[PDB]
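Colleague: sequence unknown, structure follows:
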DNA sequence: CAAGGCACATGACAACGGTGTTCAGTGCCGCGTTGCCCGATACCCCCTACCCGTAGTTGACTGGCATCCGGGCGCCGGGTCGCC
């Protein structure tokens, strides 16, 4: 948690360095974007034991959230072909990213 | 009856027979190993597809988390604030 807080502080430093009153709005609304940017970047780059590239992180979390949405909607485990058409990629990519989306056991 | 004269064979005599050595010369032919000719190959090129890193995204949105008790048991050892 405090490590995330540190990273958000870095994102704030960036946003502050990249802010002025030329925008007719509060700093916080503008900042929330940079803060989430830095936090998501670090979560993609430093959270897992195995280092996963950013596009791979977004692929996995996108397929995960949409699969969860299918679980909530259908009330049943979506069949892999359904997931493949939903993500629009092939089942091969589905299994690839799924297996790439695990964590070690200590 | 004894001596002298003719047949057949006989002591050597070389020279062929046949074959065995030996010289001496030149090969014969055993294997070892060279010189070719091909097929494939690793190694340069070009092209685009896709992974991987970087940079933005403007209503507002200003302090979190769940801890933890039934060890148990004793000791050391230091700290810690009263004590007179």
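Modeller: That came through, no problem. Residues are numbered from 1 along each chain as shown, chains lettered A, B, ... in the order given.
Colleague: Going by C-alpha atoms from here, please, whenever you check contacts or count neighbours.
Modeller: OK.
Colleague: quick one: secondary structure of residue A:45?
Modeller: helix (DSSP: H, G, I helix; E, B strand; the rest coil).
Colleague: Please verify my assumption that it contacts residue A:55.
Modeller: No - look at residue A:45 against residue A:55 with CA atoms under 8 Å: they stay out of range, at 10.8 Å.
Colleague: Going by neighbour count, which residues in stretch A:41-55 are buried?
Modeller: Neighbour counts over stretch A:41-55 (16 or more other CA atoms under 10 Å) mark A:42, A:44, A:45, A:52 as buried.
Colleague: swap that for stretch A:58-68, please
Modeller: A:59, A:60, A:63, A:67.
Colleague: Can you tell me which of these end up in helices?
Modeller: Counted as lying in helices by DSSP state H, out of these, are A:59, A:60, A:63, A:67.
Colleague: State the distance from the residue in chain A positioned nearest to DNA strand B to residue A:8.
Modeller: Nearest residue of chain A to DNA strand B, counting by CA to the nearest atom of the strand: residue A:25, 3.1 Å away. Relative to residue A:8, residue A:25 is positioned 21 Å away (CA to CA, to the nearest Å).
Colleague: Compare those two (neighbour count), which wins?
Modeller: Relative neighbour count places residue A:8 above the other of residue A:25 and residue A:8, with 21 against 10, counting by other CA atoms under 10 Å.
Colleague: and the more buried one, what element?
Modeller: Under the criterion of DSSP states H and E, residue A:8 resides in helix A:2-17.
Colleague: That helix - contacts with which helices or strands?
Modeller: helix A:27-46 (3 or more CA pairs under 8 Å, 6 or more residues apart in numbering; DSSP states H and E).
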